[PDB]
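Q: My file is start28.cif. It has mmCIF, N, CA, C and O atoms:
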data_coords
loop_
_atom_site.label_atom_id
_atom_site.label_comp_id
_atom_site.auth_asym_id
_atom_site.auth_seq_id
_atom_site.Cartn_x
_atom_site.Cartn_y
_atom_site.Cartn_z
N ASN Q 1 1.47 -0.51 -6.51
CA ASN Q 1 0.60 0.51 -5.94
C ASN Q 1 1.12 0.86 -4.55
O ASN Q 1 0.70 0.31 -3.54
N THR Q 2 2.06 1.80 -4.50
CA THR Q 2 2.67 2.21 -3.24
C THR Q 2 3.46 3.49 -3.47
O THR Q 2 3.68 3.91 -4.61
N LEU Q 3 3.89 4.10 -2.37
CA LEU Q 3 4.75 5.27 -2.40
C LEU Q 3 6.13 5.00 -1.82
O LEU Q 3 6.96 5.92 -1.78
N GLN Q 4 6.40 3.78 -1.36
CA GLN Q 4 7.67 3.48 -0.71
C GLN Q 4 8.77 3.35 -1.76
O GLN Q 4 8.64 2.54 -2.68
N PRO Q 5 9.85 4.12 -1.67
CA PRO Q 5 10.97 3.90 -2.59
C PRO Q 5 11.56 2.51 -2.42
O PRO Q 5 11.68 2.00 -1.30
N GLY Q 6 11.93 1.90 -3.54
CA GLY Q 6 12.56 0.60 -3.53
C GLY Q 6 11.61 -0.58 -3.49
O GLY Q 6 12.07 -1.72 -3.58
N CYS Q 7 10.31 -0.35 -3.37
CA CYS Q 7 9.36 -1.46 -3.37
C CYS Q 7 9.25 -2.09 -4.75
O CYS Q 7 9.12 -3.31 -4.88
N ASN Q 8 9.32 -1.27 -5.80
CA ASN Q 8 9.23 -1.79 -7.16
C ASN Q 8 10.36 -2.77 -7.44
O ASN Q 8 10.13 -3.87 -7.97
N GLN Q 9 11.59 -2.40 -7.09
CA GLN Q 9 12.74 -3.26 -7.37
C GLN Q 9 12.61 -4.59 -6.65
O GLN Q 9 12.76 -5.66 -7.26
N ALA Q 10 12.32 -4.55 -5.35
CA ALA Q 10 12.23 -5.79 -4.58
C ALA Q 10 11.10 -6.67 -5.09
O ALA Q 10 11.28 -7.89 -5.25
N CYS Q 11 9.93 -6.09 -5.35
CA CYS Q 11 8.80 -6.89 -5.77
C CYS Q 11 9.03 -7.49 -7.15
O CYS Q 11 8.69 -8.65 -7.40
N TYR Q 12 9.62 -6.73 -8.08
CA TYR Q 12 9.94 -7.29 -9.38
C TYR Q 12 10.95 -8.42 -9.26
O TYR Q 12 10.82 -9.46 -9.91
N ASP Q 13 11.98 -8.23 -8.43
CA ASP Q 13 12.99 -9.27 -8.27
C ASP Q 13 12.37 -10.54 -7.71
O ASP Q 13 12.72 -11.65 -8.13
N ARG Q 14 11.44 -10.41 -6.76
CA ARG Q 14 10.79 -11.59 -6.21
C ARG Q 14 9.88 -12.25 -7.23
O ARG Q 14 9.82 -13.48 -7.31
N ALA Q 15 9.16 -11.46 -8.03
CA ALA Q 15 8.21 -12.03 -8.97
C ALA Q 15 8.91 -12.82 -10.07
O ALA Q 15 8.46 -13.91 -10.44
N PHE Q 16 10.01 -12.29 -10.60
CA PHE Q 16 10.72 -12.89 -11.73
C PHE Q 16 12.19 -13.02 -11.38
O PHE Q 16 13.02 -12.20 -11.79
N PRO Q 17 12.56 -14.05 -10.62
CA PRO Q 17 13.98 -14.21 -10.27
C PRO Q 17 14.88 -14.32 -11.48
O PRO Q 17 15.99 -13.77 -11.48
N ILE Q 18 14.44 -15.02 -12.52
CA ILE Q 18 15.19 -15.16 -13.77
C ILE Q 18 14.22 -14.98 -14.92
O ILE Q 18 13.15 -15.59 -14.94
N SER Q 19 14.59 -14.14 -15.88
CA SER Q 19 13.74 -13.92 -17.04
C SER Q 19 13.66 -15.18 -17.89
O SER Q 19 14.59 -15.98 -17.94
N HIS Q 20 12.52 -15.35 -18.57
CA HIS Q 20 12.34 -16.54 -19.40
C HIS Q 20 13.38 -16.59 -20.51
O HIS Q 20 13.91 -17.67 -20.82
N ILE Q 21 13.67 -15.45 -21.13
CA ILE Q 21 14.51 -15.44 -22.32
C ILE Q 21 15.91 -15.95 -22.00
O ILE Q 21 16.50 -16.70 -22.78
N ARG Q 22 16.46 -15.54 -20.86
CA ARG Q 22 17.80 -16.00 -20.49
C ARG Q 22 17.82 -17.49 -20.22
O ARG Q 22 18.76 -18.19 -20.61
N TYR Q 23 16.78 -18.01 -19.56
CA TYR Q 23 16.69 -19.44 -19.34
C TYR Q 23 16.66 -20.19 -20.67
O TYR Q 23 17.34 -21.21 -20.83
N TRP Q 24 15.90 -19.68 -21.64
CA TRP Q 24 15.81 -20.37 -22.92
C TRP Q 24 17.13 -20.30 -23.69
O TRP Q 24 17.52 -21.27 -24.34
N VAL Q 25 17.83 -19.17 -23.61
CA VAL Q 25 19.13 -19.07 -24.27
C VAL Q 25 20.11 -20.07 -23.68
O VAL Q 25 20.82 -20.79 -24.40
N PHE Q 26 20.15 -20.14 -22.34
CA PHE Q 26 21.02 -21.11 -21.69
C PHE Q 26 20.66 -22.53 -22.10
O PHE Q 26 21.54 -23.35 -22.38
N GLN Q 27 19.36 -22.84 -22.16
CA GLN Q 27 18.94 -24.17 -22.56
C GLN Q 27 19.40 -24.49 -23.97
O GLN Q 27 19.88 -25.59 -24.24
N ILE Q 28 19.26 -23.54 -24.89
CA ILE Q 28 19.64 -23.79 -26.28
C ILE Q 28 21.13 -24.09 -26.38
O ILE Q 28 21.55 -25.07 -27.00
N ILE Q 29 21.96 -23.25 -25.76
CA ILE Q 29 23.40 -23.47 -25.85
C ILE Q 29 23.78 -24.80 -25.22
O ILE Q 29 24.57 -25.58 -25.78
N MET Q 30 23.23 -25.09 -24.03
CA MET Q 30 23.59 -26.33 -23.35
C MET Q 30 23.18 -27.54 -24.17
O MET Q 30 23.92 -28.53 -24.25
N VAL Q 31 21.99 -27.50 -24.78
CA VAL Q 31 21.54 -28.63 -25.59
C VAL Q 31 22.41 -28.79 -26.83
O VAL Q 31 22.64 -29.92 -27.28
N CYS Q 32 22.90 -27.69 -27.40
CA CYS Q 32 23.75 -27.80 -28.58
C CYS Q 32 25.17 -28.23 -28.25
O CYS Q 32 25.90 -28.65 -29.15
N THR Q 33 25.59 -28.12 -26.99
CA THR Q 33 26.97 -28.45 -26.63
C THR Q 33 27.44 -29.83 -27.09
O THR Q 33 28.53 -29.92 -27.68
N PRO Q 34 26.70 -30.92 -26.86
CA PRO Q 34 27.24 -32.25 -27.22
C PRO Q 34 27.59 -32.39 -28.69
O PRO Q 34 28.58 -33.05 -29.03
N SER Q 35 26.80 -31.79 -29.58
CA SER Q 35 27.14 -31.83 -31.00
C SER Q 35 28.47 -31.13 -31.26
O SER Q 35 29.28 -31.60 -32.06
N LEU Q 36 28.70 -30.00 -30.59
CA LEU Q 36 29.98 -29.32 -30.72
C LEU Q 36 31.12 -30.21 -30.24
O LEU Q 36 32.18 -30.27 -30.88
N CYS Q 37 30.92 -30.89 -29.11
CA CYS Q 37 31.96 -31.79 -28.61
C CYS Q 37 32.27 -32.88 -29.62
O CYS Q 37 33.44 -33.18 -29.90
N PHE Q 38 31.23 -33.48 -30.20
CA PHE Q 38 31.45 -34.53 -31.19
C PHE Q 38 32.17 -34.00 -32.41
O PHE Q 38 33.08 -34.65 -32.95
N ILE Q 39 31.79 -32.81 -32.88
CA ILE Q 39 32.40 -32.24 -34.08
C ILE Q 39 33.88 -31.97 -33.84
O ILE Q 39 34.73 -32.28 -34.69
N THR Q 40 34.21 -31.38 -32.69
CA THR Q 40 35.61 -31.09 -32.41
C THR Q 40 36.41 -32.38 -32.21
O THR Q 40 37.58 -32.44 -32.60
N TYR Q 41 35.81 -33.41 -31.62
CA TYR Q 41 36.50 -34.69 -31.52
C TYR Q 41 36.78 -35.27 -32.90
O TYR Q 41 37.88 -35.79 -33.14
N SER Q 42 35.81 -35.18 -33.81
CA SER Q 42 36.04 -35.66 -35.16
C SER Q 42 37.16 -34.88 -35.84
O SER Q 42 38.01 -35.47 -36.52
N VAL Q 43 37.17 -33.56 -35.67
CA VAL Q 43 38.23 -32.75 -36.26
C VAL Q 43 39.59 -33.16 -35.70
O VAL Q 43 40.57 -33.29 -36.44
N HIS Q 44 39.67 -33.37 -34.38
CA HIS Q 44 40.92 -33.80 -33.78
C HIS Q 44 41.36 -35.15 -34.33
O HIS Q 44 42.56 -35.37 -34.57
N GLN Q 45 40.42 -36.07 -34.53
CA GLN Q 45 40.78 -37.41 -34.98
C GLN Q 45 41.47 -37.38 -36.34
O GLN Q 45 42.23 -38.30 -36.67
N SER Q 46 41.24 -36.34 -37.14
CA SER Q 46 41.85 -36.20 -38.45
C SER Q 46 42.84 -35.04 -38.41
O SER Q 46 42.47 -33.92 -38.06
N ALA Q 47 44.08 -35.32 -38.78
CA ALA Q 47 45.13 -34.30 -38.77
C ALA Q 47 45.29 -33.69 -37.39
O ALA Q 47 45.44 -34.41 -36.40
N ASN O 1 0.27 5.95 3.04
CA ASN O 1 1.30 5.43 2.15
C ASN O 1 0.63 4.61 1.06
O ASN O 1 0.50 3.39 1.16
N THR O 2 0.19 5.28 0.00
CA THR O 2 -0.50 4.61 -1.10
C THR O 2 -0.58 5.57 -2.28
O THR O 2 -0.31 6.77 -2.15
N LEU O 3 -0.96 5.02 -3.43
CA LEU O 3 -1.20 5.80 -4.64
C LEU O 3 -2.66 5.81 -5.04
O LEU O 3 -3.01 6.45 -6.04
N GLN O 4 -3.53 5.13 -4.31
CA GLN O 4 -4.93 5.02 -4.68
C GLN O 4 -5.65 6.33 -4.40
O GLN O 4 -5.63 6.80 -3.25
N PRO O 5 -6.28 6.96 -5.39
CA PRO O 5 -7.09 8.14 -5.09
C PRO O 5 -8.24 7.80 -4.16
O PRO O 5 -8.87 6.75 -4.29
N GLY O 6 -8.52 8.69 -3.22
CA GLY O 6 -9.62 8.54 -2.30
C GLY O 6 -9.32 7.73 -1.06
O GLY O 6 -10.18 7.65 -0.18
N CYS O 7 -8.13 7.13 -0.96
CA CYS O 7 -7.80 6.37 0.24
C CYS O 7 -7.60 7.30 1.44
O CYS O 7 -7.98 6.95 2.56
N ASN O 8 -7.03 8.48 1.21
CA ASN O 8 -6.81 9.41 2.31
C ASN O 8 -8.12 9.81 2.96
O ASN O 8 -8.25 9.80 4.19
N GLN O 9 -9.12 10.16 2.15
CA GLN O 9 -10.40 10.61 2.70
C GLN O 9 -11.05 9.51 3.53
O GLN O 9 -11.47 9.74 4.66
N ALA O 10 -11.14 8.30 2.97
CA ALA O 10 -11.80 7.21 3.68
C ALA O 10 -11.06 6.87 4.96
O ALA O 10 -11.69 6.68 6.01
N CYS O 11 -9.74 6.78 4.90
CA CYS O 11 -8.98 6.39 6.09
C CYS O 11 -9.06 7.46 7.17
O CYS O 11 -9.19 7.14 8.36
N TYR O 12 -9.00 8.74 6.79
CA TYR O 12 -9.16 9.79 7.79
C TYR O 12 -10.54 9.75 8.41
O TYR O 12 -10.69 9.90 9.62
N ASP O 13 -11.58 9.55 7.59
CA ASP O 13 -12.93 9.51 8.13
C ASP O 13 -13.09 8.35 9.10
O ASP O 13 -13.76 8.49 10.13
N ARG O 14 -12.48 7.20 8.80
CA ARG O 14 -12.58 6.07 9.71
C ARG O 14 -11.79 6.32 10.99
O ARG O 14 -12.22 5.91 12.08
N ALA O 15 -10.63 6.97 10.88
CA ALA O 15 -9.79 7.17 12.06
C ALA O 15 -10.43 8.14 13.05
O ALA O 15 -10.41 7.90 14.26
N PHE O 16 -11.01 9.23 12.55
CA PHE O 16 -11.56 10.29 13.39
C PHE O 16 -12.99 10.58 12.94
O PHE O 16 -13.24 11.55 12.22
N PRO O 17 -13.95 9.76 13.36
CA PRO O 17 -15.34 10.02 12.95
C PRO O 17 -15.83 11.39 13.37
O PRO O 17 -16.56 12.04 12.60
N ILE O 18 -15.47 11.85 14.56
CA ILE O 18 -15.84 13.17 15.05
C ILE O 18 -14.61 13.79 15.69
O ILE O 18 -13.94 13.15 16.51
N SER O 19 -14.31 15.03 15.33
CA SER O 19 -13.16 15.72 15.90
C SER O 19 -13.40 16.00 17.38
O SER O 19 -14.53 16.19 17.83
N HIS O 20 -12.31 16.02 18.15
CA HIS O 20 -12.43 16.25 19.58
C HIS O 20 -13.04 17.62 19.87
O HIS O 20 -13.88 17.76 20.77
N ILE O 21 -12.64 18.63 19.11
CA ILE O 21 -13.03 20.01 19.42
C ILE O 21 -14.54 20.17 19.32
O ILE O 21 -15.16 20.83 20.16
N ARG O 22 -15.15 19.58 18.30
CA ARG O 22 -16.59 19.70 18.14
C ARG O 22 -17.34 18.99 19.26
O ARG O 22 -18.34 19.49 19.77
N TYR O 23 -16.85 17.82 19.67
CA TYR O 23 -17.45 17.12 20.80
C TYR O 23 -17.38 17.98 22.05
O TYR O 23 -18.36 18.08 22.80
N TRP O 24 -16.24 18.63 22.29
CA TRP O 24 -16.11 19.45 23.49
C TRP O 24 -17.01 20.68 23.43
O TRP O 24 -17.58 21.09 24.45
N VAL O 25 -17.15 21.29 22.25
CA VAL O 25 -18.04 22.44 22.12
C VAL O 25 -19.48 22.03 22.42
O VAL O 25 -20.20 22.71 23.17
N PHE O 26 -19.91 20.91 21.85
CA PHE O 26 -21.25 20.41 22.12
C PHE O 26 -21.43 20.14 23.61
O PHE O 26 -22.47 20.49 24.19
N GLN O 27 -20.43 19.53 24.24
CA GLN O 27 -20.52 19.26 25.67
C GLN O 27 -20.68 20.54 26.47
O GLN O 27 -21.50 20.61 27.39
N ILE O 28 -19.90 21.57 26.13
CA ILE O 28 -19.95 22.81 26.89
C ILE O 28 -21.34 23.44 26.78
O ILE O 28 -21.95 23.82 27.79
N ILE O 29 -21.86 23.54 25.56
CA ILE O 29 -23.17 24.17 25.40
C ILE O 29 -24.24 23.36 26.12
O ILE O 29 -25.10 23.92 26.82
N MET O 30 -24.22 22.04 25.96
CA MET O 30 -25.24 21.21 26.59
C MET O 30 -25.19 21.33 28.11
O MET O 30 -26.22 21.39 28.77
N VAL O 31 -23.98 21.35 28.68
CA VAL O 31 -23.85 21.46 30.12
C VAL O 31 -24.33 22.82 30.60
O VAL O 31 -24.88 22.94 31.70
N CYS O 32 -24.12 23.87 29.81
CA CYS O 32 -24.58 25.20 30.22
C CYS O 32 -26.08 25.39 30.04
O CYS O 32 -26.64 26.31 30.64
N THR O 33 -26.74 24.54 29.25
CA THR O 33 -28.17 24.72 28.99
C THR O 33 -29.03 24.86 30.24
O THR O 33 -29.85 25.79 30.29
N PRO O 34 -28.92 23.99 31.25
CA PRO O 34 -29.85 24.09 32.39
C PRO O 34 -29.81 25.44 33.10
O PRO O 34 -30.84 25.93 33.56
N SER O 35 -28.62 26.04 33.22
CA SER O 35 -28.54 27.37 33.82
C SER O 35 -29.31 28.38 32.98
O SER O 35 -29.99 29.26 33.53
N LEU O 36 -29.22 28.27 31.66
CA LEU O 36 -30.00 29.14 30.79
C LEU O 36 -31.49 28.95 31.02
O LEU O 36 -32.25 29.93 31.08
N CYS O 37 -31.93 27.70 31.15
CA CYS O 37 -33.34 27.44 31.40
C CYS O 37 -33.79 28.08 32.71
O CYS O 37 -34.85 28.71 32.78
N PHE O 38 -32.98 27.92 33.76
CA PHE O 38 -33.33 28.51 35.05
C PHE O 38 -33.39 30.03 34.96
O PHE O 38 -34.31 30.65 35.51
N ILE O 39 -32.42 30.64 34.28
CA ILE O 39 -32.38 32.10 34.20
C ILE O 39 -33.59 32.62 33.45
O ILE O 39 -34.23 33.60 33.87
N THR O 40 -33.93 31.99 32.33
CA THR O 40 -35.09 32.46 31.57
C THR O 40 -36.39 32.21 32.33
O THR O 40 -37.31 33.04 32.24
N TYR O 41 -36.49 31.12 33.08
CA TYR O 41 -37.67 30.91 33.91
C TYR O 41 -37.78 31.99 34.97
O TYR O 41 -38.88 32.49 35.24
N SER O 42 -36.66 32.36 35.59
CA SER O 42 -36.69 33.43 36.58
C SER O 42 -37.12 34.75 35.95
O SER O 42 -37.92 35.49 36.53
N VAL O 43 -36.60 35.05 34.76
CA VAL O 43 -37.00 36.28 34.07
C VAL O 43 -38.49 36.27 33.78
O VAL O 43 -39.19 37.27 33.98
N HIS O 44 -39.01 35.14 33.30
CA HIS O 44 -40.43 35.04 33.00
C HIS O 44 -41.27 35.22 34.26
O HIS O 44 -42.32 35.88 34.22
N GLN O 45 -40.83 34.64 35.38
CA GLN O 45 -41.62 34.71 36.60
C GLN O 45 -41.84 36.15 37.05
O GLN O 45 -42.79 36.43 37.78
N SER O 46 -40.97 37.07 36.64
CA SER O 46 -41.08 38.48 36.97
C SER O 46 -41.46 39.25 35.71
O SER O 46 -40.76 39.17 34.69
N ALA O 47 -42.57 39.99 35.78
CA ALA O 47 -43.05 40.75 34.63
C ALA O 47 -43.34 39.83 33.45
O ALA O 47 -43.97 38.79 33.60
#
For this file, write the structure as structure tokens.

A:
Amino acid sequence: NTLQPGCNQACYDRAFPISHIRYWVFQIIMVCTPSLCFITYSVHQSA
Amino acid sequence: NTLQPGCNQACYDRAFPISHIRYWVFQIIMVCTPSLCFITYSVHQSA
């Protein structure tokens, strides 16, 4: 509720520094990483 | 600097309850009143 240009951008950036969806995507990939490491180690161990 | 309807009216009314010009007009007429009273009393005293 204002007429000042640029207030919307600043206030939105302050309210939500990082969107929830991106945080959850990062969490999912990071949590799945160790299984990938184990799988590639197993593949390396053979041939 | 706002988008709220009616904020301009309220804020202007609070800033300037009475305009200067109207106060000065009232002052001029009120200050001139006693001379009018004296003149009309003089007119009445004759005829």

Q: Once you count only C-alpha atoms, which residues of chain O turn out to be within 6 Å of chain Q? Could you give them as a PyMOL selection string?

A: chain O and resi 1-3

Q: Could you give me chain O least-squares fitted onto chain Q (all C-alpha atoms, paired in order), as a CSV table (one decimal) with N, CA, C and O atoms, in the frame of the given file?

A:
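Contents of out_4.csv, freshly written:
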chain,number,residue,atom,x,y,z
O,1,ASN,N,1.5,-0.5,-6.5
O,1,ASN,CA,0.6,0.5,-5.9
O,1,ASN,C,1.1,0.9,-4.6
O,1,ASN,O,0.7,0.3,-3.5
O,2,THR,N,2.1,1.8,-4.5
O,2,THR,CA,2.7,2.2,-3.3
O,2,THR,C,3.5,3.5,-3.5
O,2,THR,O,3.7,3.9,-4.6
O,3,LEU,N,3.9,4.1,-2.4
O,3,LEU,CA,4.8,5.3,-2.4
O,3,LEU,C,6.1,5.0,-1.9
O,3,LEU,O,7.0,5.9,-1.8
O,4,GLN,N,6.4,3.8,-1.4
O,4,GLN,CA,7.7,3.5,-0.7
O,4,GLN,C,8.8,3.3,-1.8
O,4,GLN,O,8.6,2.5,-2.7
O,5,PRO,N,9.8,4.1,-1.7
O,5,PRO,CA,11.0,3.9,-2.6
O,5,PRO,C,11.6,2.5,-2.4
O,5,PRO,O,11.7,2.0,-1.3
O,6,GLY,N,11.9,1.9,-3.5
O,6,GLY,CA,12.6,0.6,-3.5
O,6,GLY,C,11.6,-0.6,-3.5
O,6,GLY,O,12.1,-1.7,-3.6
O,7,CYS,N,10.3,-0.4,-3.4
O,7,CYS,CA,9.4,-1.5,-3.4
O,7,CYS,C,9.3,-2.1,-4.8
O,7,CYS,O,9.1,-3.3,-4.9
O,8,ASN,N,9.3,-1.3,-5.8
O,8,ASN,CA,9.3,-1.8,-7.2
O,8,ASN,C,10.4,-2.8,-7.4
O,8,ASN,O,10.2,-3.9,-8.0
O,9,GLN,N,11.6,-2.4,-7.1
O,9,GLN,CA,12.8,-3.3,-7.4
O,9,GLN,C,12.6,-4.6,-6.7
O,9,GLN,O,12.8,-5.7,-7.3
O,10,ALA,N,12.3,-4.6,-5.4
O,10,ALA,CA,12.2,-5.8,-4.6
O,10,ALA,C,11.1,-6.7,-5.1
O,10,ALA,O,11.3,-7.9,-5.2
O,11,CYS,N,10.0,-6.1,-5.3
O,11,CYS,CA,8.8,-6.9,-5.8
O,11,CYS,C,9.0,-7.5,-7.2
O,11,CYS,O,8.7,-8.7,-7.4
O,12,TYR,N,9.6,-6.7,-8.1
O,12,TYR,CA,10.0,-7.3,-9.4
O,12,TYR,C,11.0,-8.4,-9.3
O,12,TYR,O,10.8,-9.5,-9.9
O,13,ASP,N,12.0,-8.3,-8.4
O,13,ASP,CA,13.0,-9.3,-8.3
O,13,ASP,C,12.4,-10.6,-7.7
O,13,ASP,O,12.7,-11.7,-8.1
O,14,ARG,N,11.4,-10.4,-6.8
O,14,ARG,CA,10.8,-11.6,-6.2
O,14,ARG,C,9.9,-12.3,-7.2
O,14,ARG,O,9.8,-13.5,-7.3
O,15,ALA,N,9.2,-11.5,-8.0
O,15,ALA,CA,8.2,-12.0,-9.0
O,15,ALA,C,8.9,-12.8,-10.1
O,15,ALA,O,8.5,-13.9,-10.5
O,16,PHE,N,10.0,-12.3,-10.6
O,16,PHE,CA,10.7,-12.9,-11.7
O,16,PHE,C,12.2,-13.0,-11.4
O,16,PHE,O,13.0,-12.2,-11.8
O,17,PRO,N,12.6,-14.1,-10.6
O,17,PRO,CA,14.0,-14.2,-10.3
O,17,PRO,C,14.9,-14.3,-11.5
O,17,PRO,O,16.0,-13.8,-11.5
O,18,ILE,N,14.4,-15.0,-12.5
O,18,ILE,CA,15.2,-15.2,-13.8
O,18,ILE,C,14.2,-15.0,-14.9
O,18,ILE,O,13.2,-15.6,-15.0
O,19,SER,N,14.6,-14.2,-15.9
O,19,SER,CA,13.7,-13.9,-17.1
O,19,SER,C,13.7,-15.2,-17.9
O,19,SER,O,14.6,-16.0,-18.0
O,20,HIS,N,12.5,-15.4,-18.6
O,20,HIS,CA,12.3,-16.5,-19.4
O,20,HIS,C,13.4,-16.6,-20.5
O,20,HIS,O,13.9,-17.7,-20.8
O,21,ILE,N,13.7,-15.5,-21.1
O,21,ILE,CA,14.5,-15.4,-22.3
O,21,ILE,C,15.9,-16.0,-22.0
O,21,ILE,O,16.5,-16.7,-22.8
O,22,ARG,N,16.5,-15.5,-20.9
O,22,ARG,CA,17.8,-16.0,-20.5
O,22,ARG,C,17.8,-17.5,-20.2
O,22,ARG,O,18.8,-18.2,-20.6
O,23,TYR,N,16.8,-18.0,-19.6
O,23,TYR,CA,16.7,-19.4,-19.3
O,23,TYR,C,16.7,-20.2,-20.7
O,23,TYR,O,17.4,-21.2,-20.8
O,24,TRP,N,15.9,-19.7,-21.6
O,24,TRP,CA,15.8,-20.4,-22.9
O,24,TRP,C,17.1,-20.3,-23.7
O,24,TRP,O,17.5,-21.3,-24.3
O,25,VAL,N,17.8,-19.2,-23.6
O,25,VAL,CA,19.1,-19.1,-24.3
O,25,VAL,C,20.1,-20.1,-23.7
O,25,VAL,O,20.8,-20.8,-24.4
O,26,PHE,N,20.2,-20.1,-22.3
O,26,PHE,CA,21.0,-21.1,-21.7
O,26,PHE,C,20.7,-22.5,-22.1
O,26,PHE,O,21.6,-23.3,-22.4
O,27,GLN,N,19.4,-22.8,-22.1
O,27,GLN,CA,19.0,-24.2,-22.6
O,27,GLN,C,19.4,-24.5,-24.0
O,27,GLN,O,19.9,-25.6,-24.2
O,28,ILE,N,19.3,-23.5,-24.9
O,28,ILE,CA,19.7,-23.8,-26.3
O,28,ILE,C,21.1,-24.1,-26.4
O,28,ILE,O,21.6,-25.1,-27.0
O,29,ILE,N,22.0,-23.2,-25.8
O,29,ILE,CA,23.4,-23.5,-25.9
O,29,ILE,C,23.8,-24.8,-25.2
O,29,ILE,O,24.6,-25.6,-25.8
O,30,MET,N,23.3,-25.1,-24.0
O,30,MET,CA,23.6,-26.3,-23.3
O,30,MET,C,23.2,-27.5,-24.2
O,30,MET,O,23.9,-28.5,-24.2
O,31,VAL,N,22.0,-27.5,-24.8
O,31,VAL,CA,21.6,-28.6,-25.6
O,31,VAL,C,22.4,-28.8,-26.8
O,31,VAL,O,22.7,-29.9,-27.3
O,32,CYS,N,22.9,-27.7,-27.4
O,32,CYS,CA,23.8,-27.8,-28.6
O,32,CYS,C,25.2,-28.2,-28.2
O,32,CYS,O,25.9,-28.7,-29.1
O,33,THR,N,25.6,-28.1,-27.0
O,33,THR,CA,27.0,-28.4,-26.6
O,33,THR,C,27.4,-29.8,-27.1
O,33,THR,O,28.5,-29.9,-27.7
O,34,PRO,N,26.7,-30.9,-26.8
O,34,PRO,CA,27.2,-32.2,-27.2
O,34,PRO,C,27.6,-32.4,-28.7
O,34,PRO,O,28.6,-33.1,-29.0
O,35,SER,N,26.8,-31.8,-29.6
O,35,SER,CA,27.1,-31.8,-31.0
O,35,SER,C,28.5,-31.1,-31.2
O,35,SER,O,29.3,-31.6,-32.1
O,36,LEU,N,28.7,-30.0,-30.6
O,36,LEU,CA,30.0,-29.3,-30.7
O,36,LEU,C,31.1,-30.2,-30.2
O,36,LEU,O,32.2,-30.3,-30.9
O,37,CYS,N,30.9,-30.9,-29.1
O,37,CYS,CA,32.0,-31.8,-28.6
O,37,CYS,C,32.3,-32.9,-29.6
O,37,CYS,O,33.4,-33.2,-29.9
O,38,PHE,N,31.2,-33.5,-30.2
O,38,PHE,CA,31.4,-34.5,-31.2
O,38,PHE,C,32.1,-34.0,-32.4
O,38,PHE,O,33.0,-34.6,-33.0
O,39,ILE,N,31.7,-32.8,-32.9
O,39,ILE,CA,32.4,-32.2,-34.1
O,39,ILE,C,33.8,-32.0,-33.9
O,39,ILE,O,34.7,-32.3,-34.7
O,40,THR,N,34.2,-31.4,-32.7
O,40,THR,CA,35.6,-31.1,-32.4
O,40,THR,C,36.4,-32.3,-32.2
O,40,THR,O,37.5,-32.4,-32.6
O,41,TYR,N,35.8,-33.4,-31.6
O,41,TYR,CA,36.5,-34.6,-31.5
O,41,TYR,C,36.8,-35.2,-32.9
O,41,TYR,O,37.8,-35.8,-33.1
O,42,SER,N,35.8,-35.2,-33.8
O,42,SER,CA,36.0,-35.7,-35.2
O,42,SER,C,37.1,-34.9,-35.9
O,42,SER,O,38.0,-35.5,-36.5
O,43,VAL,N,37.1,-33.6,-35.7
O,43,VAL,CA,38.2,-32.7,-36.3
O,43,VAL,C,39.5,-33.1,-35.8
O,43,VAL,O,40.5,-33.3,-36.5
O,44,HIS,N,39.6,-33.3,-34.4
O,44,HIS,CA,40.9,-33.7,-33.8
O,44,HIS,C,41.3,-35.1,-34.3
O,44,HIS,O,42.5,-35.3,-34.6
O,45,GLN,N,40.4,-36.0,-34.5
O,45,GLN,CA,40.8,-37.4,-34.9
O,45,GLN,C,41.5,-37.4,-36.3
O,45,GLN,O,42.2,-38.3,-36.6
O,46,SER,N,41.2,-36.3,-37.1
O,46,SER,CA,41.8,-36.2,-38.4
O,46,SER,C,42.8,-35.1,-38.4
O,46,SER,O,42.5,-33.9,-38.0
O,47,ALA,N,44.1,-35.4,-38.7
O,47,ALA,CA,45.1,-34.3,-38.7
O,47,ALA,C,45.3,-33.8,-37.3
O,47,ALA,O,45.4,-34.5,-36.3

Q: When DSSP works through the backbone of this structure, what residues of chain O end up as alpha helix (DSSP H), shown as a ChimeraX atom specification?

A: /O:7-15,20-45

Q: So what do you get for atom CA of residue 25 of chain O versus atom CA of residue 9 of chain O, distance-wise?

A: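 Atom-to-atom, atom CA of residue 25 of chain O to atom CA of residue 9 of chain O, that is 24.0 Å.
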
Q: Record the distance separating atom CA of residue 11 of chain O and atom CA of residue 23 of chain O, expressed in Å with one decimal.

A: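 So the two atoms, atom CA of residue 11 of chain O and atom CA of residue 23 of chain O, lie 20.1 Å apart.
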
Q: Just the number, please: distance in Å from atom C of residue 13 of chain Q to atom CA of residue 26 of chain Q, one decimal.

A: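 Atom-to-atom, atom C of residue 13 of chain Q and atom CA of residue 26 of chain Q are spaced 19.5 Å apart.
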